[PDB]
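Student: Pasting a structure below so you can have a look.
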Amino acid sequence: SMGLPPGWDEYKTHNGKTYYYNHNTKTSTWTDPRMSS
């Protein structure tokens, strides 16, 4: 219920890292956006 921001989504890359990406500022990382990245 309303997890990551309206621009932060979770997806697993090749190896399978659930990387979160921001389509509002183009931010690609594996760290949770809810915490700090």
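Ordering of the structure tokens sets the chain letters (A, B, ...); residue numbers start at 1 within each chain; ligands are numbered from 1 in the order shown.
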Please provide as a list in words all residues within 12 Å of stretch 13-16 of chain A, with the sequence filter that same-chain residues fewer than 6 positions apart are discarded (counting only C-alpha atoms).
Tutor: residues 28, 29 and 30 of chain A
Student: Take the selection from the previous step and output its residues with N, CA and C atoms, as a PDB file, in the first residue's frame.
Tutor:
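To be explicit, this is the file written out as result_28.pdb:
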```
ATOM      1  N   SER A  28      18.972   5.056 -11.020  1.00  0.00           N
ATOM      2  CA  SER A  28      19.057   3.599 -10.997  1.00  0.00           C
ATOM      3  C   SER A  28      19.961   3.117  -9.867  1.00  0.00           C
ATOM      4  N   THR A  29      19.391   2.330  -8.959  1.00  0.00           N
ATOM      5  CA  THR A  29      20.138   1.790  -7.828  1.00  0.00           C
ATOM      6  C   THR A  29      19.501   0.493  -7.340  1.00  0.00           C
ATOM      7  N   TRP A  30      20.239  -0.289  -6.555  1.00  0.00           N
ATOM      8  CA  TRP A  30      19.703  -1.541  -6.021  1.00  0.00           C
ATOM      9  C   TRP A  30      19.184  -1.335  -4.601  1.00  0.00           C
TER      10      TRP A  30
END
```
Student: Between atom CA of residue A:18 and atom CA of residue A:4, measure the distance and give it in Å to one decimal.
Tutor: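 If I compute the distance from atom CA of residue A:18 to atom CA of residue A:4, I get 13.0 Å.
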Student: List the neighbours of stretch 22-24 of chain A out to 12 Å using only C-alpha atoms; skip same-chain residues closer than 4 positions along the sequence, and give me the result as a ChimeraX atom specification.
Tutor: /A:4-11,28-34,37
Student: If you run DSSP on this backbone, which residues of chain A come out as strand (DSSP E or B), and could you give them as a ChimeraX atom specification?
Tutor: /A:8-12,18-22,27-29
